[PDB]
Every structure is written in C-alpha cells, then in structure tokens.
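Chain and residue survey
Spelled out, the chains give:
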Amino acid sequence: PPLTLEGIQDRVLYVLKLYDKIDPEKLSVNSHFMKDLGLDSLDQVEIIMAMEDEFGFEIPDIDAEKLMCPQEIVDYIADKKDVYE
Amino acid sequence: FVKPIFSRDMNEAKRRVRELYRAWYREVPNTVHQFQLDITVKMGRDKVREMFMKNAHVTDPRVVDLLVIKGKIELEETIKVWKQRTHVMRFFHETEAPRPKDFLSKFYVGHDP
Amino acid sequence: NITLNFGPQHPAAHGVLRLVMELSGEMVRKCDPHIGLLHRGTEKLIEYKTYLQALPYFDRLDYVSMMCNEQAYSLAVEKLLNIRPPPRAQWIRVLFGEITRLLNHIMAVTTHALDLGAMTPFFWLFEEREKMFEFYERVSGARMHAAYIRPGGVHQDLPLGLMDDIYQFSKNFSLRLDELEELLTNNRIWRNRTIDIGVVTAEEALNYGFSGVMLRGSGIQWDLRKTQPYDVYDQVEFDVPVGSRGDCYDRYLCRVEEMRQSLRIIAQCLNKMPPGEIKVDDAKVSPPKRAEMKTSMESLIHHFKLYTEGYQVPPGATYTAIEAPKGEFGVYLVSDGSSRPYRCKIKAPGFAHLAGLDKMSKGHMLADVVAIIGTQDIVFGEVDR
Amino acid sequence: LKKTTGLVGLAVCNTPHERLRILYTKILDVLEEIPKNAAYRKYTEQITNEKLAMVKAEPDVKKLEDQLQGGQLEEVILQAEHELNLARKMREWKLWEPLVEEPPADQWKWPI
Amino acid sequence: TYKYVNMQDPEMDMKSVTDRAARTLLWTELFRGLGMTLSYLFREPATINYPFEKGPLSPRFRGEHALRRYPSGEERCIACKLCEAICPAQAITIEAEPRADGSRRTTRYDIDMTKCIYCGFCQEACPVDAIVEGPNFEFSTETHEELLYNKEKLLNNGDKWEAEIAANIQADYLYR
Amino acid sequence: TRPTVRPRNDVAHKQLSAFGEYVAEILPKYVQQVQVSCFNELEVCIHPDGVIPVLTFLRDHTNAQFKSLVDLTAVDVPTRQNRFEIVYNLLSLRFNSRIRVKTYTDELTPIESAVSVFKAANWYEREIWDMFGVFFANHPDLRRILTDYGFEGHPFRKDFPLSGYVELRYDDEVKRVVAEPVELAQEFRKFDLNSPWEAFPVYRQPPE
Ligand SMILES: CCCCCCCCCCCC(=O)SCCNC(=O)CCNC(=O)[C@H](O)C(C)(C)COP(=O)(O)O
Ligand code: SF4
Ligand code: SF4
C-alpha cells in the first residue's frame, strides 16, 4: 500500500528478471525498450502488459508511444499511482 | 488516393495490432483449458507470436487493418468456444511432413518444379 | 446464462441447423442460427458445366418438390433463348408441378406434426407419397430426382397407363385429407401448441422479402401465380388462401387449402392436355428421336453437338423469381453466351425465412422455437448451397 | 366502417382523411425548403398535390379507396409517412448534381 | 382470388354455446377424432412382405450399369466418348484404341458408382445404344473398391441381364 | 417466328422505359445507364459511394416502392479493376415492377452496407464478405457464413482451384480431423467446349 517509488522500480525490474527477452545486463534504469533495447515491438507489448498486469491497470499503447525510458515507466507510475513520494 | 478502410498511415494501424496481440496473448490459456490442449501454454503463445510474423511484409495500412479485422473475427470464433480442438490444431499441421527447403533434397524427392 | 449448441443431431434440427442459444432458465436470450453445415457450394459447380448438365442441381436443392425446380430452370433458360414450348409440355409442367406441391406440403404437414409428436399422420400419408413416387418412377425411371422437366421442355412422352390410375389416385385422396380434418384441424392440443406463436407484422415480412404462404398467413396477399401467371396458371382455376392472425394455425390451414387447391387444379390439367410434341421443334436445342437420328444426318449431327457442347445462349446475365410453394425462388444466371454459365446465384425462399427466425425466437420458450422451424416449410438443402 | 384491417402489422386509425391532410401539409412543409431545382421536388409536388385534391374529391373512407384506385389507403398514410421521412432525407442529399465519377469503359461493357 | 382462412365467428346461441362448453368438458370430439384412429385397426396393413415380395417398378427404371452386345455377340460400344462428355459427375473414363481387326474399341472403359448419380443420361446419349442403365438396384458392397467398376464388370453385368435389359428396351424404345 | 419464339412484350418495355427516364431525372448524381431489354427487364447503375442514399430512396414511394431487397446478387470479373459487380435485384410490390440496379468495387473499397436500410443483408453481407472479401461499411459482425472455421480461402473469387487447396480428413495418432493438401484422384477432367466461329454476328465486340 505505501507504493514507495524506488520499490516500484524494483518491482518492474524484477518483472524484467522474470521477463525473458531482455539480457540481465541489458537491464537498466534508462535504456529505451524501442530505441535502445534490441527487443522488437511485440516484446514492447510483452513487457508493457506484464507490467500493467502487475500494477493491475490498463496501459494504453499511447503510453507505448511515450514509454521512452523505463525511467518514464516509473515516472508514469508516479503519475499513475499518484503517490510519488 | 483511394479512401481507406479504417486506419490511415501505419500508426493508426499499428495501434490496432498490439490491441490484437494482447487480445490473443491473454486469451490463450482460456483456450488451453476450454479445449484441454495438450500443448504447453508457452507453445501457444509462441504460435501467437509466429502468426504475427507471417504478416511481416504488409505495408498498406488498409492491408494491416483488414488483417486485424479478419484476425479479430477469428478471435470471435475462438473465444465463443466455437470451433473444435481440431480447428485450433489446424494452425499446427502436425500430421504433415516437414518441408526441406534445401534444394538437394528437392532434387532427391520428385519431379517438382 | 447457459451456452448451448443444438443440432444437427436433433430430429428437430433436421440434421442441418446449429442454432446455439445462450438460454436462461429455459427462456431464450441469444439464439444464433449457424449454417454452412450443408453448403454444397454449387455456385462454382454450375459454372463449369454445360447448361444441360446444370439441370440435376435443382433436384438436389429442393429435396421434396422436384419438377418445380427444373421448371424454374427451363423458364429462365428459355427466356434467354426466347423459346416458347409446345403447350402439352406446359400442361405437364403444371400437372407435376402441382403433384410436387402435394408431396411438398404433405412433407411439411406430417413433419411439423412429428415435432408436435403426432406420429400417426406421418404413417397415414407417406403411404401416399410412395403412391406418387410410383408415378415419377413411371415417367422418369427414378422414384425421385426425376429429370423429366427440361429447358427444351421434357425428356419424354407420358406412358399410356397413367391417365387412369392418377385419376384413381385422386378419386379417394380427399377422404385421406378428411382423416386429418378429424385430427389436428379440430384438435384441442394442437391449437395451444401453435396459436399466437411467431406472429409476424406485415412490414418485417416486406422488409426481409418473405413470400408465399409465409406472407399469406400474416395477411399480406402477395403471390407469384395470379400476379404473373407465367404458365398455364392463367388458364387454370384456383383460389389463394390468406391467413388472418399470422398464427402458425393460419399458415397451416392455408397449406391444407393449397392442397385442396391442387386437388382443384390437377383435375383440370387432367381435363386439358393437347396432343403435340412435348419438345421444341429445333434440333439446335431439342434432340432428335432415336428413330430419326439413326437415319437423317443433320439430326445425328446436332444430336452429337447438344450432347457434347450443347446449345449456346446469347450472352447475358439475368434473374428470375419462381412460385415455389415455399416462396420466391432465385434463378440468377450469369452467362457469357458460352454453354458454361459465368456465374449462377440461387436465392432460396427459406433463406430469408431463416434470416427472420431469430426475430421470432427471442422472448419465446424452446418449444416455441421448435414450432417455428416447422412453421416456415424450411428444407435446409436449398438454404445453404 | 369495415371491422378488422386484415393485415397483421397494420392497425386502424380512424378519421384517416384529417391525418392524411396532416401528412400532405407536412411533406409539403418539407419540400418547400428543398430547392425548386432538384429534379425530385417537382414530382413530389405533383404527387402530394394531386393526392391531396384526390382525397378532397370524396368524403367517406369508403369510396376514397376507389378514388385513389387502391385498396385500403389506411396503409398509404404509412407510405405517405415513409414519403415524409424520405422528403426529410432529400435535404441532406442537397440539390442534385448530375453524375459524379464515371466507370472505365470496361465496366458495363457487356458481354465481358 | 384470395381466401381468408378461419375468420368465421362462432354463434352465441345458447344451444350451441352449451354444446361448446360440453366439448370443453366432456371432450366429445377428441373421442370422435379418437374413434377415427380405431378405423385403422380394422383396415388391412400396407407392408409389402420384403424380400419374398417386391415393390412395383416401371420398365424405365434406372439402376446398375451394363455394357451390352450386338445380337451377333459383338459388343455395341464404339468408344464414341460422348457419354464421357455428358456424365454430369464425370464418373466415366475411356481410352479408345484400335482393334487388331481395326475397329474402334475401348481398352479401359470404367465407371465408379461412387460418383455416378444415376441420372441415366448415358442410356440416352449413346448413338450405338452401347451402355445401359439396367434394372438391377440391389448390389451394396462390403468395401469401397467393389464399386469402382472396370469395363470388365460392366460387361459381366451386361451378360447376366441382357435378356432382361433387351426386354425392357423392347418395351420402351418408341418413346425416345 | 412464333411457335418456338417467345412473343416480345413492347407495352411493359414502354412503361418501364418511361419510368426509367423518370428515375434518370430524379437521381442524376448516381444513376447512369437505363438499360431496358425485351425481357421487360430494366437495369440501372450506381456509384458505390452512392450505395445507401440511392437505396433508401428506393424503398420510399415516388411511383415505385422498392420494397424487399429480394437479392444482392454478386459477380466477380478479374479483368476489370473494379472486378466486383454487386447487384441489387428489386421489386416494387405495389407496382408489381422489377428492376436490377448494380455497382462495382475494388478489393479495399468499403462499399456501403444497406444493413441499416434493409437488414435482409445481414447475410448477403457475410456470404459476399466471405466468398469474396468485399469489405462492408458497418455491420454488427463480419464473421464468416458457410466456410468452416480456420478456413482461409475466398471461393467465388473466380480464383484458386475449385477443389481449393484444402482437403481435411480424420487422422489417427492425433485422434482428430486435420486439413491436408488436396491430392485429387482422377482430377476434374475439364473440357474446353468453346466454339470457334461466332453464331451471333448481331453481338460481336469489334476488333477495333
Ligand atoms: C492458439 C493460438 C492460435 C494462433 C492464432 C493466430 C492469429 C493471428 C491473427 C493474424 C492477424 C494478423 O496477421 S495482424 C495484421 C498486421 N500484421 C502486419 O504485418 C501489419 C504491418 N506490421 C508492421 O509493419 C510491423 O512490422 C509489425 C509487424 C506490426 C511490428 O510492429 P513494430 O515493429 O513497430 O513493433
Ligand atoms: S456408350 Fe459406348 S459408345 Fe457411347 S460413349 Fe460410352 S462408350 Fe463410347
Ligand atoms: S449414370 Fe447418370 S451419371 Fe452415371 S454416367 Fe450414366 S449418366 Fe452420367
């Protein structure tokens, strides 16, 4: 329930651990899932939906038009969970 | 030029496909259990990734959107627990012999082209 | 709710429908009529065949009435060839068009009784439909799927023996309908099963293109005989039933009346057949007698041709409606002028009815639905194709 | 008046004449805002006018269906209502520009 | 030209009324209708006693195919191959070849009853009246293969039934 | 010129013709040809972008209440780029008249759906969708009629074989029916019965 932000990023990266397509080293605070990571768009959908399945709320693919950095994932979560503290 | 089906330019269309993938990608276990498929579910998801690969050369947004129209229409028959287990397995063609793309074997087989 | 596939397997399903329902307690909600379980796809199969070869296909759609289908083809082919048959052929086409009508309505009556569990009339009347199949056999060599009606008219002249026994055949038949008169027509249980069920407002009918008794039951008076007496119907005396309530009871009584009506007509067709060829004079459409082809050369030549490449229609694509007992019937030719059709769609009268069933389905309990399929005379063969 | 309309979907509406004059005045009321130039408008004028006078030709419901030469005009009030929604539809089709886009000659070039 | 069904209105007259309520109670007509079925018990049953009796058939009747010979004992077939052009299901297959005597003769006439639709076109179509749609009808087989006839089996069929076939043609030939 | 010949009904041809110019007046924007053969059979063009607005008008009285879409008969001719030739057979019951009013479409043109207008085309819809690929304006469901489940083809495209590519059979160890490559025995032994030497000079497209 507190939804601490850093632990949210811990959650997302752990999902990336469970996630297949990414290399564990390739995992990072900023590298883009379209413009940096070599994983294709279907992998974009793959992580975006696994993550939203964790957060239990729909992520419109317009946010995939956003997405950019994973940092903007946790950023959106700060704008989504709206606890941001 | 000529008036579009729905999407105009790829992104209006690209948005629809992802909607499609998840629409399958979540639906798959439901299908795995309704028909009691003996396939491991990851194989199902893999096939889900594969049929989305055969359509890679598509470039007209009317072709993309018409393909997701027909693909969602197939999803209709899937979710409503229509079809039968056999129809689900038609995508696999497992009864059929593997095809050797190698030309030498193609020589060895028959008259062929 | 509870999702449920029905037929084909049900006797009520007639081995064709799979109208799935998402039933509540037993009252219906969703009730979609799937089809394509019989779809023989004959539209492409017609395309690669000489026009004489197309002829069997129509015995293959209306399983029961048969001669009427072929007449539905001979009219539509003779239009493009502008050919007008010798009169005797038309008196025949009416005669067996009406006997086919007797077979069709006896079929629909007794089967509809079977879904209502009546059992007996079935056995009381197929004893008669063999009596008629003995006749199509006497004129065609086949008990059913007789090819006796042809675009030139008819394959062959009537055997001398029929003209008496057929009269004998209808000497007693009215009584056999009397025996039904003493059943369902008056019977108490029967009214309850069918009264005030699947009532249809005139407009939905005119929208979906309902035709035949299915119009005549709900009061629309549209008809394909007296409006367009395409054959000898113009000379024939008869009178058309019209329903009141739109009750299945109405449509029923109508069909019984039409059966009476053929009892009226067939009398007169027996009363009025001219001597004459039962085929067109032309050897470029109608083939020579075996006696003449085997001496005269040109007869054998055109004989050889019609049986190998056949007559050639002048090019054109056209459409013709038919007074099937079940309704308007579709003959949509597309001909390049070659003996092969380019295309040929076939509107089944029952197609529109089945399109309309779900409107009559929802808000009715399942027995109502079983009543409905029998309401509409639907042989499913014609419908998907 | 005859009991029972006979038809299933149809239902009786007593004093048809007045209700018809309602429909005449109203479809006239919509054709007026349609421009004179549209080819439909003059003929729908001819229709509504000749039919209105034709209703005026006789009083009772009885011979009225003879004067228009149609059995039970009790339906044609409904057809007039379709005619009314139609005339409502005429407005969004605008005045009628003759033809737009034409077939390549291969079209309608029958045979083949 | 149209006729209303039903529509008629029942009498309010008290005799008739109490009679209808008497139908509503004592059922009356059911029994009357019921009585009618009793009439069938006293009629003679319609079954033919198959197979020691058999159903009537017209001479025209179509059935098993059979090739047949000249009175001389030569086969009638000339391999004109139009009957191959007509079989609507195209069951027929023919390879005409010269005889050593030089006459046209089929080397492998054949037909499968699996695709034959027994329209009996070929009975009509043949110029030499070679092939004939014979009287026989009862010949269901244990296996599919027994259906795919060679010219051979058809000839045998023309052998067993030739008396019969020629007899029916003797009855029918004028009509054609 | 009579015993075999079918008599030519000039009267109805006259009336249908005059009404044909009448309609030609009424909807200049879409109506084109006013074909009128001696079969007493009238015909009219429509531009596909003009499907609905014409058809609705047809249902409503002018001097012909084109009630009941009896048929949406469909034809495919590969030569023309507008290969499709959707046809609206119609019948004004009040006037006992009959008419044939057709159009054309390309493979990706979303031709207007008269589903709102007639509803009879809830299936003329899906057949002519499925057999072809004639995409339609806005229909409640474009699920296939007739052709199976996983079936991919579009027969009646006058393209790919009459047998089709597909031929299913039950199979053993999979315990189930499976689609397989065709392998027809004997093959449809097609006869080219086309006749050189034209029999109808009156027709005959010019060599040009
Ligand atoms: C048990 C499961 C059964 C399996 C059923 C399978 C059902 C599949 C349904 C088939 C429908 C389609 O093909 S859907 C039609 C869409 N397919 C296309 O190819 C359109 C164009 N695609 C592109 O341009 C991109 O390369 C793209 C590939 C999108 C990648 O996206 P990104 O690179 O920008 O991330
Ligand atoms: S019947 Fe004998 S002759 Fe006539 S075609 Fe068949 S084989 Fe050739
Ligand atoms: S029997 Fe009927 S179908 Fe079989 S070959 Fe002779 S004609 Fe063609």
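Preceding block: the structure.
The numbering scheme counts residues from 1 along every chain following its written sequence, independent of the entry's numbering, with residues that lack coordinates not shown. Each chain gets a letter, beginning with A, and each ligand a number, beginning with 1, in the order they are written. Scope of values: the displayed chains only, which are part of a larger assembly. Only hydrogens and water are removed before side-chain values are computed, so all heavy atoms of the structure are retained for them. Residues with missing side-chain atoms are left out of burial classes, side-chain pairs and their counts.

**Observations concerning the overall build of chain E**
As a reminder of what qualifies: Starting at the N terminus, helices and strands are each numbered in turn, a helix being any DSSP run of H or I of at least four residues and a strand any DSSP run of E of at least two. It is over C-alpha atoms that the radius of gyration is taken, and the globule rule equals 2.2 Å times the number of residues to the power 0.38. Only protein chains enter the area calculation, which uses a 1.4 Å probe; residues under 20% of their type maximum are buried, those over 50% are exposed, and those in between are partly exposed. Counted as positive: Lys and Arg. Counted as negative: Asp and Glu, with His and the chain ends omitted from the count. The atoms used to mark charge sites are NZ of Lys, CZ of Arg, CG of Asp and CD of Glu.
Of regular secondary structure, chain E possesses six helices and seven strands. For chain E, the sequential pattern of α-helices and β-strands runs β-α-α-β-α-β-β-β-α-β-β-α-α. Its C-alpha radius of gyration of 29 Å places chain E more than 25% over the 16 Å reference for a compact globule of 176 residues. Considering chain E as a whole, with its 176 residues, one finds that 39% of them fall into the buried category. When the 22 positive and 28 negative side-chain charges of chain E are each reduced to one mean point, those points stand 4 Å apart.

**A few points about the site of ligand 1**
The criterion, for reference: Near, as used in this document, describes a residue that has one of its heavy atoms within 4 Å of the molecule or strand being considered. For the area figures, the Shrake-Rupley method with a 1.4 Å probe applies, and any residue is considered shielded solely by the protein chains shown. Residue polarity is assigned by list, with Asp, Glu, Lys and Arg as charged and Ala, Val, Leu, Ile, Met, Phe, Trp, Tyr, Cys and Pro as nonpolar; anything else, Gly included, falls into the polar class.
In the vicinity of ligand 1 there are 14 residues, among which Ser 41 of chain A together with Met 10, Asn 55, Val 64 and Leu 67 of chain B approach most closely. More than one chain reaches ligand 1: its neighbouring residues belong to chains A and B. For ligand 1, the accessible surface in isolation is 880 Å², of which the surrounding protein chains cover 78%. Put simply, the parts of the chain that give the shell around ligand 1 at least two residues each are α1 (10-25), α3 (41-51) and α4 (61-79) of chain B. No other element matches α1 of chain B, which puts four residues into the shell around ligand 1. The class makeup of the residues in the shell around ligand 1 is 12 nonpolar, two polar and no charged.

**A short note on the arrangement of the chains**
The line we're drawing: Whether two residues touch is decided by their heavy atoms; if any such pair falls within 4.5 Å, the residues are in contact.
The assembly contains nine pairs of chains in contact; the pair sharing the most contacts is chains C and F. Taking C-alpha atoms only, the smallest gap left between chain A and chain E, which are not in contact, amounts to 51 Å.

**Quick look at the interface of chain C and chain F**
Definition in use: Buried area, as used here, totals the accessible surface that two parts lose on assembly, with accessibility defined by a 1.4 Å probe and the loss added over both. Only one rule defines a salt bridge in this text: a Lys or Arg side-chain nitrogen within 4 Å of an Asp or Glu carboxyl oxygen. Residues adjacent in sequence count toward polar contacts only when both atoms are side-chain atoms; beyond that, a polar contact is any pair of N or O atoms within 3.5 Å, and within protein one must be able to donate a hydrogen and the other to accept it.
At the interface, 52 residues of chain C touch 48 residues of chain F. Both sides together, the interface formed by chain C and chain F hides about 4,700 Å², and carbon and sulfur atoms give 58% of it. Put simply, chain C and chain F have three salt bridges between them. Where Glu 127 of chain F meets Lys 345 of chain C, a salt bridge forms, and the shortest distance between an N and an O atom there is 3.4 Å. The tally of links from chain C across to chain F stands at 13 residue pairs in polar contact. Breaking the side of chain C that touches chain F down by element, the ones donating at least two residues are β3 (30-34), α1 (42-47), α3 (67-81), α9 (202-208), β7 (316-324), β8 (327-335), β9 (341-345) and α14 (349-361) of chain C. Looking at the side of chain C that touches chain F, its residues break down into 21 nonpolar, 15 polar and 16 charged.

**Some points on α4 of chain B**
Test applied: Multiplying 1.5 Å by the helix residue count minus one yields the expected span of that helix.
With 19 residues, α4 of chain B should cover 27 Å at 1.5 Å per step; its first-to-last C-alpha distance of 26 Å lies within 8% of that length. Phi turns positive, to about 60 degrees, at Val 81 of chain B, one or two residues after α4 of chain B.

**Quick look at the packing of helix α1 (residues 5-18) of chain A against helix α4 (residues 70-80) of chain A**
Residues and elements named next belong to chain A. Spelled out, the test is: With axes taken as lines fitted to C-alpha atoms, and helix axes fitted only over the stretch in contact, angles between N-to-C directions fall between 0 and 180 degrees. When an angle is under 35 degrees it counts as roughly parallel; over 145 it counts as roughly antiparallel; between 65 and 115 it counts as roughly perpendicular; any other value is oblique. Take the far helix as the reference: if the near one is turned anticlockwise from it by less than a right angle, the crossing is left-handed, and if turned clockwise, right-handed.
Relative to each other, α1 and α4 sit at 130 degrees, their axes nearing to 10 Å. Relative to α4, the element α1 lies oblique. The chirality of how α1 crosses α4 is right-handed. Between α1 and α4, the contacting residues are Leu 5, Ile 8, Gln 9 and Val 12 on the first element and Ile 73, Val 74, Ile 77 and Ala 78 on the second. When grouped by side-chain class, the residues that make up the contact of α1 with α4 number seven nonpolar, one polar and no charged.

**Overview of the interface of chain E and chain C**
Listed as interface residues are 37 residues of chain E and, on the opposing side, 48 residues of chain C. Contact between chain E and chain C buries roughly 3,900 Å² in total, counting both sides, with carbon and sulfur atoms accounting for 52%. For the pair chain E and chain C, the number of links is three salt bridges. Salt-bridge contacts for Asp 239 of chain C lead to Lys 3 of chain E; the nearest nitrogen and oxygen are separated by 3.9 Å. At the junction of chain E with chain C, the criterion picks out 17 residue pairs in polar contact.

**Let's talk about the sheet that holds β9 of chain C**
Residues and elements named next belong to chain C. Here is the rule we go by: A pair of strands counts as paired when DSSP detects no fewer than two bridges linking them.
The antiparallel open sheet is built from three strands, whose spatial order is β7-β8-β9. Each edge of the open sheet carries a strand with a single partner, namely β7 and β9. Each strand axis lies, on average, 15 degrees off the axis of its neighbour in the sheet, ignoring direction. Sheet topology note: the β8/β9 ladder contains four bridges and is antiparallel. Note that in β9 the partner of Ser 335 across the bridge is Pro 341.

**Re helix α11 (residues 248-271) of chain C**
Spanning 24 residues, α11 of chain C covers 34 Å between terminal C-alpha atoms, matching the ideal 34 Å at 1.5 Å per step. Summarising burial for α11 of chain C: 18 of the 24 residues are buried, a large majority.

**A few points about the packing of helix α2 (residues 39-57) of chain D against helix α1 (residues 10-26) of chain F**
Put simply, α2 of chain D and α1 of chain F touch, their axes get as near as 7 Å, and they point 120 degrees apart. Taken together, the axis directions place α2 of chain D and α1 of chain F in an arrangement best described as oblique. Counting all contacts with α2 of chain D, which are made through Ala 39, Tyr 40 and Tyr 43 of chain D, the residues of α1 of chain F involved are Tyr 22, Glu 25 and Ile 26 of chain F. Taken together, the residues of the contact of α2 of chain D with α1 of chain F sort by class into five nonpolar, no polar and one charged.

**Points about the sheet that holds strand β2 (residues 42-45) of chain F**
Residues and elements named next belong to chain F. Strand order in the open sheet formed by four strands is β1-β2-β4-β3, and the pairing between neighbours is mixed. Two strands close off the open sheet at either side, each with one partner strand: β1 (34-36) and β3 (87-92). Pairs of neighbouring strands in the sheet enclose a mean axial angle of 25 degrees, with direction left out of account. In this sheet, strand β4 (residues 97-102) lies alongside β3 in antiparallel orientation, the contact comprising six bridges. Along β4, the bridge assignment pairs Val 87 with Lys 102. Along the sheet, α1 contacts β1 and β2; its crossing angle with β1, the most-contacted strand, is approximately 175 degrees.

**Some words on the site of ligand 2**
Residues in close proximity to ligand 2 include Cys 77, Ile 78, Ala 79, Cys 80, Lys 81, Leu 82, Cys 83, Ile 94, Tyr 109, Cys 126, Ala 130 and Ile 131 of chain E, which together make up its full environment. Along the lines of polarity and charge, the residues of the shell around ligand 2 split into 11 nonpolar, no polar and one charged.

**Quick word on unusual backbone geometry**
In this structure, the amide linkage connecting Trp 110 of chain D to the following residue, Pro 111 of chain D, adopts the cis form with an omega of 0 degrees. Summarising the element assignment, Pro 111 of chain D is placed in the segment after α4 (76-90). Residues other than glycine seldom take positive phi values, yet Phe 160 of chain F does so here, at roughly 50 degrees. Mapped onto the secondary structure, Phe 160 of chain F falls in the loop between α3 (123-130) and β5 (166-171). In this structure, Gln 186 of chain F is a non-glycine residue whose phi angle is positive, near 60 degrees. Positionally, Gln 186 of chain F belongs in the segment after β6 (176-181).

**So, a nonpolar patch on the surface**
Here is the rule we go by: For patches, a residue must show more than 30% relative accessible area and have no salt bridge; joins then use 9 Å for like charges and 5 Å for nonpolar side chains, namely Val, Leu, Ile, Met, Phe, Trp and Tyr.
Together, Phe 103, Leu 104, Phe 107 and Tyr 108 of chain B make up an exposed nonpolar region whose accessible area comes to about 530 Å². Looking at the element boundaries, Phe 103 of chain B is found in helix α6 (residues 103-109).

**Considering the nonpolar core**
Note the cut-off: Here the nonpolar core consists of buried residues drawn from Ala, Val, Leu, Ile, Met, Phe, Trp, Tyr and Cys, with membership extended through side-chain atoms lying within 4.5 Å.
Ranked by size, the top nonpolar core spans 102 residues in total, and within it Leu 354 of chain C together with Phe 57 of chain F carry the most contacts. With near-sequence residues (within four places) excluded, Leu 354 of chain C lies in contact with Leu 17, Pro 33, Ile 35, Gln 376, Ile 378, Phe 380 and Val 383 of chain C together with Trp 123 of chain F. Counting 56 residues, the second largest nonpolar core, distinct from the first, contains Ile 149, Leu 184, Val 213 and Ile 278 of chain C.

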